[PDB]
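Enquirer:
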Amino acid sequence: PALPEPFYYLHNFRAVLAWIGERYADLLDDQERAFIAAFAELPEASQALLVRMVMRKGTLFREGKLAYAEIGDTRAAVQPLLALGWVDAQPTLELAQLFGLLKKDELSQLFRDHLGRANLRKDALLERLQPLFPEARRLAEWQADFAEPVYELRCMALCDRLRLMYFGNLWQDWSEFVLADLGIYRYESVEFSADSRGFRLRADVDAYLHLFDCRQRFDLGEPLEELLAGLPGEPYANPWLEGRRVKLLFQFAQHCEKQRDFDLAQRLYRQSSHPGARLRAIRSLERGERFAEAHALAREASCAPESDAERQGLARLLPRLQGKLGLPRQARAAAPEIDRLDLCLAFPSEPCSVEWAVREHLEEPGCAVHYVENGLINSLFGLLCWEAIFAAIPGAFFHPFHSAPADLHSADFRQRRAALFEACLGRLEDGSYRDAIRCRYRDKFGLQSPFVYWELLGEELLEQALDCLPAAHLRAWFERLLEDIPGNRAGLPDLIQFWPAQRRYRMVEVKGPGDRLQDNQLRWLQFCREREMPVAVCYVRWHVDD
DNA sequence: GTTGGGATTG
DNA sequence: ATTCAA
DNA sequence: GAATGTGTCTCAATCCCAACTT
Ligand SMILES: [Mn+2]
Ligand SMILES: [Mn+2]
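Counting in this note's numbering, the first sequence runs from 8 upward without gaps.
(1) Under 7 Å Cβ to Cβ from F298, same chain only, skipping five residues before and after it: list those, please.
(2) Would you mind giving the Cβ-Cβ distance between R135 and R119, rounded to the nearest angstrom? I have them listed as a contact below 8 Å.
(3) For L218, which residues of its own chain have a beta-carbon under 7 Å away from its beta-carbon, when the five flanking residues on both sides are left out?
(4) With a threshold of 8 Å on Cβ separation, who are the neighbours of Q525 within its own chain once the five nearest residues in sequence on each side are excluded?
(5) In the DSSP assignment, find the alpha helix (DSSP H) that holds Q319 and state where it starts and stops.
(6) What number of angstroms, rounded off, separates the C-alpha of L469 from the C-alpha of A430?
(7) For the pair the segment 425-440 and the segment 355-367, tell me if three or more CB-CB distances fall below 8 Å.
(8) I want to check one thing, is the minimum distance from the CB of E380 to the heavy atoms of ligand 1 below 7 Å?
(9) Can you tell me whether residue 555 is helix, strand or coil according to DSSP?
(10) With distance defined between alpha-carbon atoms, name the residue in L275, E29, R267, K265 nearest to residue 554.
(11) Output needed for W149: all residues of its chain with C-beta closer than 8 Å, excluding positions within five of it in sequence on either side, in chain order.
(12) Comparing alpha-carbon positions, which option in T81, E466, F259 lies nearest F68?
(13) Pick from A76, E317, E539: whose alpha carbon is nearest that of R287?
(14) Around the Cβ of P500, are there at least 16 other Cβ atoms within 10 angstroms (buried) or fewer (exposed)?
(15) Tell me which residue opens and which closes the alpha helix (DSSP H) that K111 is part of.
(16) Give me, in chain order, the residues of the same chain whose beta-carbon lies closer than 6 Å to that of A272; leave out the 5 immediate sequence neighbours on both sides.
(17) Between the Cα of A103 and the Cα atoms of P141, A84, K72, which residue gives the shortest distance?
(18) Starting from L350, trace the beta strand (DSSP E) both ways and give me its first and last residue.
(19) Cutting at 7 Å between CB atoms, please list the residues of its own chain near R496, excluding the five before and the five after it.
(20) For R339 and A305, what's the separation of their Cα atoms in angstroms?
(21) If you draw a straight line from the alpha carbon of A147 to that of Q97, how long is it in whole angstroms?
(22) Is DSSP giving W93 helix, strand or coil here?
(23) Do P282 and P8 have their CB atoms nearer than 8 Å?
(24) My output table needs one value for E370: the three-state DSSP class, helix, strand or coil.
(25) What residues match up with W506 in a beta bridge as DSSP calls it?
(26) Taking the straight line between their C-alpha atoms, what separation do you get for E539 and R530?
(27) Could you check what DSSP says for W484 in three-state terms: helix, strand or coil?
(28) If we count the other Cβ atoms within 10 Å of its Cβ and call it buried at 16 or more, is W178 buried or exposed?
(29) List in chain order: all unbroken alpha helix (DSSP H) runs of 4+ residues lying wholly within the segment 204-249.
(30) Whole angstroms are fine: how far does the CA of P230 sit from the CA of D268?
(31) Enumerate in chain order the residues of its own chain whose CB-to-CB distance from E77 is below 7 Å, with the five nearest sequence positions on each side excluded.
(32) Starting from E159, trace the beta strand (DSSP E) both ways and give me its first and last residue.
(33) Where does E51 land, buried or exposed, given buried means 16+ other C-beta within 10 angstroms?
(34) Quick test of your reading: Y440 and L476, contact by CB under 8 Å. State the CB separation rounded to the nearest angstrom.
(35) Report the three-state DSSP secondary structure of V253 (helix, strand or coil).
(36) Under three-state DSSP, which class holds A151?
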């Protein structure tokens with residue numbers, strides 16, 4: 008809604024350039040330093056223009072779309088950049104690309120002679136015409152009576168490299184700068200180090216691009232046979248960067264299981280240390296009619312499971328596999344009594360989701376019901392332990408746009424902060440946790456964070472939950488979430504009802520018609536009935552009056 | 001003349 | 001977070 | 001009991017441009 012200087016975007020970009028200049032100094036190229044120096048030389052209007060095309064979706068641009076008052080004359084402004092080889096008039100265009108720049112009418116005009124079928128949707132015209140014109144051409148070789156030049160940015164790879172270096176990733180755009188200055192995103196500010204950085208070695212960055220490239224080509228239909236050749240068969244020394252590879256292999260293997268080539272899926276899964284990969288491997292060997300290997304792997308697994316989620320699903324596999332090897336089946340006890348509560352209910356209608364239905368039914372005078380589904384517990388954990396999460400641990404923050412420390416899913420995350428996590432959870436054992444949370448709720452409100460859900464967490468909910476939830480149950484929860492952060496933020500029950508009168512609560516997971524407990528949920532209920540925490544599963548039928 | 005999607009803006 | 005198999 | 005529709009990257013106006021309506 009108007010920031011005072013019309014050149015705000017280029018100012019932001021010059022910031023990024025200088026930042027890379029002083030932090031990633033020792034990591035740079037001849038190409039890269041050449042680019043930064045060259046960009047400094049350029050006049051203001053041409054710098055600005057370059058930035059406008061960098062920030063925009065395409066790589067090609069009709070001169071008409073490049074209309075800006077701060078820049079003024081597009082053609083006068085683009086000359087320095089054409090000279091530099093960073094922009095390209097008369098680029099050579101594939102026919103899809105040409106369909107991207109021109110309008111439908113212009114193209115019905117231009118191909119009037121090779122088309123008479125019918126005026127139909129534009130994409131279908133492209134389908135009809137790519138057979139005919141297989142070769143690319145300059146723009147004048149398509150039509151030379153077209154009155155508008157067209158420019159191709161040819162330095163987008165170097166810019167992507169820079170954006171990667173700044174953010175440590177490739178999903179955050181440059182608008183992070185303007186969105187945060189309008190107060191739309193609002194991040195927490197951390198004093199990190201004067202030489203904190205996302206990437207220590209250059210070959211790391213080289214590898215993040217390589218992996219990213221592999222994910223992209225995969226999403227456009229390329230066969231694994233050459234993708235797999237292109238990946239490293241040997242792990243990476245960087246921990247976080249091996250994380251990204253191992254995930255990639257995982258998805259390759261999911262694709263593999265869809266096509267029902269099970270043996271390659273077993274292979275790929277087995278060379279991955281991803282969460283719950285080993286379990287997909289056993290399941291694929293089973294699906295591949297390979298029971299001795301699968302049994303073998305499952306017995307290897309139940310020695311030291313990666314996770315609770317792995318135990319839970321081993322308890323299903325291992326019998327099934329013993330069966331399929333002709334080994335006698337084995338005794339067990341049943342799933343501990345699901346604390347079941349039924350409700351016949353009026354047919355909405357119109358809907359009116361189930362959880363709102365129950366939320367209203369159980370909401371009586373004297374009893375407050377909230378729909379939260381683990382927003383409330385992750386929230387109270389985020390608030391208590393804020394200054395732990397946002398502690399300035401070396402390498403963990405390195406620009407002003409972090410919603411979360413970069414080592415949050417790291418397995419040494421607890422360790423590195425154990426000092427401040429015992430300090431913060433310790434506030435539960437005194438009386439001070441109530442107040443500390445109400446202060447942190449007031450100060451940190453609206454701050455992008457990984458754990459707090461400010462929209463959901465009103466003042467009524469925070470007060471009631473504060474005075475109704477015992478601290479021993481909270482210690483029990485925050486310890487569990489800390490244990491396996493990405494696996495245990497997941498399955499907590501839909502509703503929480505409080506009786507503020509008696510400072511007591513009960514969480515209720517609502518299951519509608521033909522809905523059953525998912526695995527994370529079942530793990531959470533087990534954990535709860537082991538601390539004698541009030542949970543209950545509510546199964547809902549409907550009732551139509553015939 | 002109107003609707004809906006995707007890009008662009010600050 | 002929804003669908004087949006018996 | 002299993003499968004298979006998501007990827008976390010949750011900002012609102014505004015403009016352009018296909019597509020539909022008689
Ligand atoms: Mn739910
Ligand atoms: Mn539910």
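Using N, Cα and C, we set each Cβ at its ideal position, and we do this for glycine too.
Expert: Here's the rundown:
(1) Numbered from its first residue, the first sequence carries residue 298 at position 291. Taking C-beta separations shorter than 7 Å and ignoring five residues to either side along the sequence, the partners of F298 in its chain run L328, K331, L332, following chain order.
(2) Along the first sequence, read from residue 1 onward, the residue named residue 135 stands at position 128. Along the first sequence, read from residue 1 onward, the residue named residue 119 stands at position 112. Their Cβ separation, rounded to whole angstroms, is 14 Å, which puts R135 and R119 out of contact at 8 Å.
(3) Within the first sequence, the letter at position 211 stands for residue 218. Closer than 7 Å at the Cβ level, and outside the excluded window around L218, lie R251, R252, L255.
(4) Here residue 525 corresponds to residue number 518 of the first sequence, with the count starting at 1. So the list reads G498, once near-sequence residues are dropped.
(5) Taking the first sequence and counting its residues from 1, the one referred to as residue 319 is at position 312. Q319 -> alpha helix (DSSP H) spans 315-331.
(6) Sequence index remark: in the first sequence, residue 469 carries index 462 (1-based). Sequence index remark: in the first sequence, residue 430 carries index 423 (1-based). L469 and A430 have their C-alpha atoms spaced approximately 22 Å apart.
(7) No, the segment 425-440 is not in contact with the segment 355-367.
(8) Sequence index remark: in the first sequence, residue 380 carries index 373 (1-based). Yes, the beta carbon of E380 sits closer than 7 Å to at least one heavy atom of ligand 1.
(9) The chain is shown from 8 up to 553; residue 555 falls before or after that span and cannot be answered.
(10) The first residue shown for the chain is 8 and the last is 553, placing residue 554 beyond what the model contains.
(11) Walking along the first sequence from the start, residue 149 turns up at place 142. Excluding residues within five positions, the ones whose Cβ falls inside 8 Å are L100, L105, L117.
(12) Taking the first residue of the first sequence as position 1, residue 68 is located at position 61. Nearest of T81, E466, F259 to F68, Cα basis: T81.
(13) On the first sequence, residue 287 is found 280 positions in, with the first residue counted as 1. Closest option to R287, Cα to Cα, is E317.
(14) Translated into the one-based positions of the first sequence, residue 500 becomes position 493. Buried is the call here.
(15) Residue mapping note: residue 111 aligns to position 104 of the first sequence, counting from 1. Residues 111-117.
(16) Reading the first sequence from its first residue, position 265 is the one you call residue 272. Same-chain partners within the cutoff: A260, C263, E264, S291.
(17) For the purposes of this step, residue 103 is identified with residue 96 of the first sequence, where counting begins at 1. Ranking the options by Cα distance to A103, first place goes to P141.
(18) Looking up residue 350 in the first sequence gives position 343. Start and end: 347-353.
(19) To locate residue 496, count along the first sequence from 1; it is residue 489. Hits under 7 Å: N381, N385, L488.
(20) As a first step, residue 339 is located in the first sequence; it is residue number 332 there, counting from the start. As a first step, residue 305 is located in the first sequence; it is residue number 298 there, counting from the start. Cα to Cα, the separation comes out at about 18 Å.
(21) Taking the first sequence and counting its residues from 1, the one referred to as residue 147 is at position 140. Taking the first sequence and counting its residues from 1, the one referred to as residue 97 is at position 90. Those two C-alpha atoms are separated by around 8 Å.
(22) Numbered from 1 along the first sequence, position 86 holds the residue referred to as residue 93. Coil at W93, not helix or strand.
(23) For the purposes of this step, residue 282 is identified with residue 275 of the first sequence, where counting begins at 1. For the purposes of this step, residue 8 is identified with residue 1 of the first sequence, where counting begins at 1. For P282 and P8, no; Cβs fall outside 8 Å.
(24) Against the first sequence, residue 370 aligns to sequence position 363. Coil.
(25) The residue labelled residue 506 in the question sits at position 499 within the first sequence. Paired residues: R511.
(26) Indexing the first sequence from 1 puts residue 539 at position 532. Indexing the first sequence from 1 puts residue 530 at position 523. Cα to Cα, the separation comes out at about 14 Å.
(27) Reading the first sequence from its first residue, position 477 is the one you call residue 484. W484 falls in the helix class under three-state DSSP.
(28) What you label residue 178 is simply residue 171 of the first sequence in a count that begins at 1. When all chains shown are included, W178 counts as exposed.
(29) Entirely contained in the segment 204-249, the alpha helix (DSSP H) runs reaching 4 residues are, in chain order, 209-226, 231-237.
(30) Along the first sequence, one-based indexing puts residue 268 at 261. Along the first sequence, one-based indexing puts residue 230 at 223. Inter-residue distance for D268 and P230 is about 13 Å (C-alpha atoms, whole angstroms).
(31) On the first sequence, residue 77 is found 70 positions in, with the first residue counted as 1. Here the set comprises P13, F14, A55.
(32) Your numbering for residue 159 matches position 152 in the first sequence. For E159, the enclosing beta strand (DSSP E) has its first and last residue at 157-160.
(33) Residue 51 sits at position 44 when you count from the first residue of the first sequence. The residue is exposed, with fewer than 16 neighbouring Cβ atoms inside 10 Å.
(34) Reading the first sequence from its first residue, position 433 is the one you call residue 440. Reading the first sequence from its first residue, position 469 is the one you call residue 476. Actually they do not touch by this definition, with Cβ atoms about 10 Å apart.
(35) The count along the first sequence starts at 1 and reaches residue 253 at position 246. Secondary structure of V253 (DSSP, three-state): helix.
(36) Here residue 151 corresponds to residue number 144 of the first sequence, with the count starting at 1. Correct three-state label for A151: coil.
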